[PDB]
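Asks: just dropping in an experimental structure and the matching sequence.
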Amino acid sequence: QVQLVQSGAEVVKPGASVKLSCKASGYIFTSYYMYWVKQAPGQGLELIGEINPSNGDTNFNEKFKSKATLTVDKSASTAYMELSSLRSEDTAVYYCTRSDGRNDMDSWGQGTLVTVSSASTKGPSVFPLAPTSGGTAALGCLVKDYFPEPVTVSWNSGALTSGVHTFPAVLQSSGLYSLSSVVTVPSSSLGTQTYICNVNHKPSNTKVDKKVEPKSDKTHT
Amino acid sequence: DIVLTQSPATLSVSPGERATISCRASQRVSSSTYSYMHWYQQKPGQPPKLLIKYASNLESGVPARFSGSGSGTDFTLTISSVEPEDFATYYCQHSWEXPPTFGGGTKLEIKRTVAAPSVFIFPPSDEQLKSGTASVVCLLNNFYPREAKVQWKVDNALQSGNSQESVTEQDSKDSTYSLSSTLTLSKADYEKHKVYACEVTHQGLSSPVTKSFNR
């Protein structure tokens, strides 16, 4: 398998720089051109530029030739993009992608969200949404009080995906984000199956697992 | 630069119907022999994905129901029979000359059958309440279409603020939406009341439906 793996989401202070990386594997790194592509939030696609990793020849979309520096480390199979003196308009998901011959882009990185802000990064708290309707039960994790985006959630390290709904973040009054991820399962098997939500907030390096157990009390004091 | 103009911006199709989306280049992007237009699919949350290269070459592993045609400036992507997992934005891209440019995207939306929400309610975790705050989450699961009205009632009184909603994109397997509505109160406020209720109105339902708990 061919794979491009990008560095984590990051907050960058206005006027600062940031260096994104893209690690290639499952093919010979210098045999394919690498493109960088920008996707503004809720927006379409813009080409930043192209690097030939064999001979270092670059070609920039003129619009970005003062913003972006493309390099590679051939010994380590990794393309880099340095973005200089960031402003609000640089807030976007940045993708690396490969191309055999500078036409179609056949394999893509998963993207890096760069958020330009003066506000501090903050990791989320994770709270259980403990488990009915037509014999099904709902359960979930509330992922609260983080900045910037994104948070990702998986269930049972990726084994549980059917019925999962991981909501778009909402922006709270505090300026911190919030999101919930929920699943529906059989109510019948709540005592036999285990449901663990895996919450990732790369900018704060938060990587947290939370067992969501059934709500199991006669005494009220 | 070359401008790619996609149309329509949004396409709605029923389950299993044909979808056609157009991409017009502002100038020619074909030789005598080959076309330099490519098509991508961006599923929600994921990077774009190569479907069709050189106007009509189906990329490997891409399902057979996808196809492409045209030459010169006018290019079309056809989905012969739309499945739930085809919910995506589709982008065209040329590689005729520097710089390659993308189209603006066509959002493909799926007009599946009407479905009422199953509604659930979650009181705050004990864990959260230790910290001084209470989130109560109301879940509307697997409904279609999108319009749904959610209202919070605390001791039967309509709450005016202190809640936030978020709806999912159309689900990749069944094309429905889900919605969370979270009511955030301080621990004190939360504890000064008994009944927490969420009242849901949706066109697949003939009455409002109420889920609640007493604490």
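Replies: Done, it's in. Residues are numbered from 1 along each chain as shown, chains lettered A, B, ... in the order given.

Asks: can you list the domain ranges for chain B.
Replies: B:4-111, B:119-215 (CATH domains of a matching chain).

Asks: hmm, the first one in reach of chain A?
Replies: Yes. Residues of domain B:4-111 contacting chain A under C-beta under 8 Å from any C-beta of the partner chain: B:36, B:38, B:40, B:46-50, B:53-54, B:59, B:91, B:93, B:95, B:98-105. Quick note: C-beta positions are derived from backbone N, CA and C, even for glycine.

Asks: quick one: buried ones out of those residues?
Replies: Listed as buried from those are B:36, B:38, B:40, B:47-50, B:53, B:59, B:91, B:93, B:95, B:98-105; burial here means 16 or more other C-beta atoms under 10 Å in any protein chain shown.

Asks: SS state for residue A:30?
Replies: helix (DSSP: H, G, I helix; E, B strand; the rest coil).

Asks: re earlier: among the buried ones among the residues of domain B:4-111 next to chain A, which are in strands?
Replies: Among these, the ones falling in strands (DSSP state E) are B:38, B:40, B:49, B:50, B:53, B:91, B:93.

Asks: wait, doesn't the second one sit right on residue B:59?
Replies: I take that to be residue B:40. No. In this structure, residue B:40 is not within contact of residue B:59 by C-beta atoms under 8 Å, at 9.8 Å.

Asks: quickly list what the nearest residue in space to residue B:102 that is not next to it in sequence is bridged to.
Replies: Distances taken as C-beta to C-beta, 6 or more residues apart in numbering or on different chains put residue A:45 closest to residue B:102, at 3.9 Å, once the chain neighbours are dropped. Listed by DSSP bridges, the beta-bridge partners for residue A:45 are residue A:39.

Asks: what of the one 5 residues further on?
Replies: Going by DSSP bridges, residue A:50 is paired in beta bridges with residue A:35, residue A:59.

Asks: got a list of what it touches?
Replies: A:33, A:34, A:35, A:58, A:59, A:60, A:70, A:99, A:102 (C-beta atoms under 8 Å, 6 or more residues apart in numbering or on different chains).

Asks: mind picking the two most distant members of those residues?
Replies: Farthest-apart pair in the contacts of residue A:50 is A:60 and A:99; separation 15.4 Å (C-beta to C-beta).

Asks: ok, back up a step: and the contacts of residue A:50 as TSV, adding neighbour count?
Replies: Output for the contacts of residue A:50, formatted as TSV (neighbours: other C-beta atoms under 10 Å in any protein chain shown):
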residue	neighbour count
A:33	20
A:34	26
A:35	23
A:58	14
A:59	16
A:60	20
A:70	23
A:99	19
A:102	15
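
Asks: count the neighbours of the residue nearest to residue B:15 when sequence neighbours are not counted for me.
Replies: Spatial nearest neighbour of residue B:15, chain neighbours left out: residue B:112 (5.7 Å); criterion: C-beta to C-beta, 6+ apart. By other C-beta atoms under 10 Å in any protein chain shown, the residues close to residue B:112 number 16.

Asks: check the gap between residue B:112 and chain A for me.
Replies: Distance of residue B:112 to chain A, given as C-beta to the nearest C-beta, to the nearest Å: 16 Å.

Asks: check contacts around that residue.
Replies: Shown in contact with residue B:112 (C-beta under 8 Å, 6+ apart): B:14, B:15, B:84, B:144, B:174, B:175, B:176.

Asks: one more: residue A:185?
Replies: Shown in contact with residue A:185 (C-beta under 8 Å, 6+ apart): A:131, A:136, A:137, A:139, A:163, A:193, A:195.

Asks: quick one: residue A:54 and residue A:29 touch, right?
Replies: No. Using C-beta under 8 Å as the test, residue A:54 is too far from residue A:29 to be in contact (9.2 Å).

Asks: partners of the host helix or strand of residue B:165 in the sheet?
Replies: According to DSSP states H and E, residue B:165 maps onto strand B:163-167. As defined by DSSP bridges, the strand partners of strand B:163-167 come to strand B:177-186 (antiparallel).

Asks: please report how far the residue located most distally from the centre of chain B lies from residue A:121.
Replies: Largest separation from the mean C-alpha position in chain B: residue B:32, at 39.7 Å (C-alpha atoms, centre = their mean). Distance from residue B:32 to residue A:121, counting by C-beta to C-beta, to the nearest Å: 55 Å.

Asks: who touches the residue nearest to residue A:102 when sequence neighbours are not counted in this structure?
Replies: Nearest residue to residue A:102 in three dimensions, chain neighbours excluded: residue A:33, at 5.4 Å (C-beta to C-beta, 6+ apart). Residue A:33 makes contact with A:50, A:51, A:52, A:53, A:98, A:99, A:100, A:101, A:102, according to C-beta under 8 Å, 6+ apart.

Asks: kindly report the same for residue B:196.
Replies: By C-beta under 8 Å, 6+ apart, the contact set of residue B:196 is B:121, B:123, B:136, B:152, B:153, B:154, B:183, B:212, B:213, B:214, B:215.

Asks: for the residue nearest the centre of chain B, phi and psi?
Replies: Nearest to the geometric centre of chain B sits residue B:169, at 2.3 Å (C-alpha atoms, centre = their mean). Per-residue torsions, residue B:169: phi -60, psi 170 (degrees, to the nearest 10).

Asks: excluding its backbone neighbours, what's nearest it?
Replies: Leaving aside its sequence neighbours, residue B:169 sits nearest to residue B:44 (C-beta to C-beta, 6+ apart; 4.4 Å).

Asks: could you flag which of the contacts of residue A:185 are buried?
Replies: Neighbour counting with 16+ other C-beta under 10 Å marks A:131, A:136, A:137, A:139, A:163, A:195 as buried within those.

Asks: show me these that map onto helices.
Replies: Using DSSP state H, no member of those sits in helices.

Asks: so which of the residues you listed also contact chain B?
Replies: Filtering the buried ones among the contacts of residue A:185 for proximity to chain B (criterion: C-beta under 8 Å from any C-beta) leaves residue A:136.

Asks: and which of the buried ones among the contacts of residue A:185 is nearest chain B?
Replies: Of all these, chain B sits closest to residue A:136, with 7.1 Å by C-beta to the nearest C-beta.

Asks: which residues are in contact with that closest one?
Replies: If you count contacts by C-beta under 8 Å, 6+ apart, residue A:136 has them with A:184, A:185, A:186, A:187, B:118.

Asks: among these, which pair sits farthest apart?
Replies: Pairwise distances among those were taken by C-beta to C-beta; the largest, 13.7 Å, belongs to A:186 and B:118.

Asks: contacting residues for residue 122?
Replies: You didn't pick a chain, so chain A it is. Residues counted as contacts of residue A:122 (C-beta under 8 Å, 6+ apart) are A:145, A:146, A:147, A:176, A:204.

Asks: that answer is for a different chain, and I need it for chain B
Replies: Counting by C-beta under 8 Å, 6+ apart, residue B:122 makes contact with A:129, A:130, A:138, A:140, B:136, B:137, B:138, B:139.
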